[PDB]
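What follows is one chain in structure tokens, specifically the form deposited in one PDB entry.
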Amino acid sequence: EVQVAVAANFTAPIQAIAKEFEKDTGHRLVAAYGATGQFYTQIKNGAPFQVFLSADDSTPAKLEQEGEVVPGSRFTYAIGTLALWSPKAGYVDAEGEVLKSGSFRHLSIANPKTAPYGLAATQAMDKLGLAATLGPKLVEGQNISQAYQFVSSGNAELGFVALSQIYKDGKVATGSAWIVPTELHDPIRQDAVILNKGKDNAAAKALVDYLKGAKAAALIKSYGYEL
């Protein structure tokens, strides 16, 4: 009986971790998907969420500075990666030269004010020196999922997506990708946290002990995350 707030980049991963979770603990994971900032606002307004799996480390810590976090519950459950991606296999090269020289008019990022992966996109465009040239071409999704769908659907020619959305057991499994090297943005450290309303919930404690387990660790590394 555990309400879980899940940043959009971890939509697929948690649905999968929850099948084995239910079968192993008897507790059912009911999760909501969206942007980290949106969940921040909802949690501050009394949303019933009990566990918050963030796409950052900063916002769970911010909720702890604001008294919404069980102290001692904050841990890192996943480290993500940003990838320039397009379903079209010809378009996005393996050094990502298209950012510098492409002919594309639409570039999908996540709302960088609410979506950690969107902030990583803006950071990498900053340190690449392509902020002024790429800014006008940007288009924002409410969350990283919507930014990926803008490309998948055809409303943009490429976008900065979460590696979890294009990654196999080892490999990018679809389209054309450029692994954004980590030197260009802050590492995408994703912190989990138990909220005020999970202080003595057994489904919450069971879930965060299982997110540190072996079944969940093997699934989180199947999606391209590191630990």
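One-based numbering along the sequence shown.
**Q** Taking the recorded C-alpha temperature factors, which stretch has the higher mean, 190 to 198 or 160 to 168?
**A** According to the entry, 190 to 198 carries the higher average C-alpha B-factor.
**Q** Taking the mean of the C-alpha B-factors per stretch from the entry, tell me the winner out of 215 to 223 and 16 to 24.
**A** Mean B over CA atoms: larger for 16 to 24.
**Q** What's the residue among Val30, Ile179, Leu184, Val69 with the greatest CA temperature factor in the PDB record?
**A** So the option with the highest C-alpha B-factor is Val69.
**Q** Which of these has the highest Cα B-factor in the record: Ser73, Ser86, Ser153, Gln142?
**A** Answer, based on the entry's C-alpha B-factors: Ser73.
**Q** Could you look up the Cα B-factor of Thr122 in the entry and say which third of the chain it sits in: lowest, middle or highest?
**A** As the PDB entry reports it, the C-alpha B-factor of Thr122 lands in the lowest third of its chain.
**Q** Is the Cα B-factor recorded for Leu82 in the lowest, middle or highest third of its chain?
**A** As the PDB entry reports it, the C-alpha B-factor of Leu82 lands in the lowest third of its chain.
**Q** Could you place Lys100 in the lowest, middle or highest third of its chain by Cα temperature factor, using the values in the record?
**A** Highest third, going by the recorded CA B-factors of the chain.
**Q** Rank-wise, by C-alpha B-factor, drop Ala7 into the lowest, middle or highest third of its chain.
**A** Middle third by C-alpha B-factor.
**Q** Using the B-factors in the PDB entry, rank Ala61's C-alpha atom against the chain and give the third, lowest, middle or highest.
**A** For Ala61, whose C-alpha B-factor we compare with every modelled residue in the chain, the answer is the highest third.
From this point on, the text means the form deposited in another entry, which you will not see here.
**Q** Hey, with one rigid portion rotating against the other between the shown form and the other one, which of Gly37, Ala78, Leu107, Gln50 would you call the hinge?
**A** That leaves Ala78 as the hinge residue.
**Q** Please say whether the CA atoms of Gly135 and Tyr40 come closer or move farther apart in the other form, knowing the change relative to this form is 3 Å or more.
**A** Compared with this form, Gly135 and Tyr40 lie farther apart in the other form.
**Q** Are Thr182 and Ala217 closer or farther apart at their Cα atoms in the other form than shown, with the shift being 3 Å or more?
**A** Result: closer.
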